[PDB]
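Everything below concerns the one structure shown next.
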Amino acid sequence: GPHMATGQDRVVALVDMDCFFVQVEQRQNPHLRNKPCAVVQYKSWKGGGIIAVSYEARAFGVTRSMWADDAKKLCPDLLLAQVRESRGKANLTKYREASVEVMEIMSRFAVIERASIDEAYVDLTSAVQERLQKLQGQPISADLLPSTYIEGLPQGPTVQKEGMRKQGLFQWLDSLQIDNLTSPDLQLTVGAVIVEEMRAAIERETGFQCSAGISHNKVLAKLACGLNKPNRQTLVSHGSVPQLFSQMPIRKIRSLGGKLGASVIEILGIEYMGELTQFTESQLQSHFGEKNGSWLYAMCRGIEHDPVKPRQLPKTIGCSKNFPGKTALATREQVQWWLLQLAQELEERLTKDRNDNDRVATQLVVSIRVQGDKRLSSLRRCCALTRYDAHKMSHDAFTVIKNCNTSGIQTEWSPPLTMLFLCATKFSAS
DNA sequence: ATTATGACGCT
DNA sequence: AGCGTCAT
Ligand SMILES: Nc1ncnc2c1ncn2[C@H]1C[C@H](O)[C@@H](COP(=O)(O)OP(=O)(O)OP(=O)(O)O)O1
Ligand SMILES: [Ca+2]
């Protein structure tokens, strides 16, 4: 009752760029705009591997992970843009720089947590309070929410998509109590107004479109964001949760898309997030551990407390390359040459980072995969990163992994290496 | 023969 | 520390 938390204390948004690498390439090359297209890395093996796909191309069944030669079978007119190659490897700088463009715009509106290259969480609680003060009891017009969906609406006693969106929005606004500044539904609505403004600024100033979710916590904002893509935003209210979760597969909720989620389904014999409400907190803790159990108990009721962390920059800067099948590195010279290539890219990125962001990395992490090992990484070792110098970093990395070589012949490397990875970590202010 | 990333939890 | 999970 009066002491039961409802997790309605914050307004949190998640902004997620639409088909991001594709939009970066379409801005640069107008011939790719409004076309079925995809971004690919490398070209020699089966036309290259697809890593991003325009919505026009998705309509043909083109997906990430597909080889371009195969995507062409589904969509013969598919256009392609290739990721830059430097030092023998894919180089993602263009997309990292475009990400900074968007993150810097978002930061004007609120504190953001950079979740990935094209996603950021926004804590809008304070911005909403401020805006509510300006409004002064003034109602919110549907015109302020031109791309907003209200999940769950319309409901109760038009056959077109936009028509449905407006119908739901009208029902929501009709029911709002703008008289109460502490109303969580009103707070979410003002949050959505601000996110429309943020999304308009992103598009005006970069050309890029995005989707967004607005709710009371990160997990619901992330879920909301995916409900109406692309180029739309979705508000998930606390009250929408029981219906939304009643048919929502467990794997759709962030963090439950893997083994833990599979175990929840198997152990409890349930399919949907809402079904979790029938277990006590202690029951859930018994199966999934103290932390997970408490998290699940609250989450299935729409409640989550993970904060939006004030962090706009990545905490690590890494470079990696796979050497699949027959290309696995089998000589010491090979291993050394590629460590140098990786280290040269890393040096370039670190030097720019130090100049831009007033920080220096102090730890170098080296990871490798050996042929035969099913795991993505077979071994990881660290050493001090004391100088931004590619020859030094590559020599140091060789030193920490050189004893992994089984070969009795110094010149040969066995078992062959199928992945090299260098990562700079442990930043300190500079 | 997906590949190239990145954050965070466990022990 | 080094490994594993989950995710863009
Ligand atoms: N598995 C991956 N391997 C390499 N790059 C990836 C991978 N997943 C995502 N990316 C890159 C390319 C994407 O354009 C970018 C953002 O990813 P993501 O948000 O999952 O999809 P997207 O932005 O391409 O489409 P959507 O419109 O569905 O969000 O990150
Ligand atoms: Ca995206």
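Ideal geometry is used to build each Cβ from the backbone, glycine not excepted, and the neighbour counts take in all protein chains shown. Basis: the model, the stated rules and, where named, an outside source; none is laboratory data.
If you check A:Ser215, A:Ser246, A:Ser255, A:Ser294, which single one turns out to be within 16 Å of DNA strand B (Cβ to nearest atom) and out of contact with any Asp or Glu (no Cβ under 7 Å at 6 or more places or on another chain)? Residue meeting the stated conditions: A:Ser255. No other residue among A:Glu25, A:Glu85 is within 16 Å of ligand 2 (Cβ to nearest atom), charged (D, E, K, R) and within 30 Å of A:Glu347 (Cβ to Cβ) apart from A:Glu25.
The helices (runs of 4 or more DSSP H) located wholly in segment A:214-310 that include 1 or more residues which are within 16 Å of ligand 2 (Cβ to nearest atom) and touching a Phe, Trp or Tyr at 6+ places or on another chain (Cβ under 9 Å) occupy A:218-227.
One residue stands out among those in segment A:321-333 that are buried (at least 17 other Cβ atoms within 10 Å of the Cβ) and over 13 Å from A:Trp45 (Cα atoms): the one that is farthest from ligand 1 (Cβ to nearest atom), which is A:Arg332. The set of residues in segment A:14-53 being outside any loop (DSSP other than H, G, I, E, B) and not hydrophobic (A, V, I, L, M, F, W, C) consists of A:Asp16, A:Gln23, A:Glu25, A:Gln26, A:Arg27, A:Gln28, A:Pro30, A:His31, A:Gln41, A:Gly49. Within segment A:234-243, is even one residue away from DNA strand C (no atom under 16 Å from the Cβ), closer than 18 Å to A:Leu169 by Cβ, surrounded by fewer than 17 Cβ atoms within 10 Å (Cβ to Cβ) and not assigned by CATH to the domain that holds A:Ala298? Within segment A:234-243, one or more residues are away from DNA strand C (no atom under 16 Å from the Cβ), closer than 18 Å to A:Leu169 by Cβ, surrounded by fewer than 17 Cβ atoms within 10 Å (Cβ to Cβ) and not assigned by CATH to the domain that holds A:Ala298. Being more than 16 Å from ligand 2 (Cβ to nearest atom), under 28 Å from the mean Cα position of the chain (by Cα), farther than 19 Å from A:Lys252 by Cα and assigned by CATH to the domain that holds A:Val12 is a property that holds for A:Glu197. Please specify each residue of segment A:37-77 satisfying the condition of being touching a helix residue (DSSP H, G or I) at 6+ places or on another chain (Cβ under 9 Å), among the small types (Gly, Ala, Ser), more than 16 Å from ligand 2 (Cβ to nearest atom) and at negative phi. Correct list: A:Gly49, A:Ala71. In segment A:369-384, of all residues being surrounded by fewer than 14 Cβ atoms within 10 Å (Cβ to Cβ) and over 27 Å from the mean Cα position of the chain (by Cα), the one that is farthest from ligand 2 (Cβ to nearest atom) corresponds to A:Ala384. One residue stands out in segment A:54-69 among those that are more than 30 Å from A:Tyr149 (Cα to Cα) and part of a loop (DSSP other than H, G, I, E, B): the one that is farthest from ligand 1 (Cβ to nearest atom), namely A:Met66. If you check A:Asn34, A:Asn91 for being under 22 Å from A:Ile317 (Cα atoms) and either under 23 Å from the mean Cα position of the chain (by Cα) or more than 16 Å from ligand 2 (Cβ to nearest atom) (or both), only one passes: A:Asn91.
Say whether the condition of being closer than 17 Å to A:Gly207 by Cα and within 11 Å of DNA strand B (Cβ to nearest atom) is met by at least one residue in segment A:78-98. Yes, because at least one residue in segment A:78-98 is closer than 17 Å to A:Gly207 by Cα and within 11 Å of DNA strand B (Cβ to nearest atom). From the list A:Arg108, A:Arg27, A:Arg10, A:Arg84, the lone residue that is loosely packed, with under 15 Cβ neighbours inside 10 Å, more than 16 Å from DNA strand C (Cβ to nearest atom) and assigned by CATH to the domain that holds A:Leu188 is A:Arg108. Residue selection: A:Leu364 fails the criterion of being within 30 Å of A:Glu104 (Cβ to Cβ) and in a helix (DSSP H, G or I). All of A:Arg58, A:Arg33, A:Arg27 fail the test of being basic (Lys, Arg) and closer than 15 Å to A:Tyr95 by Cβ, apart from A:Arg27.
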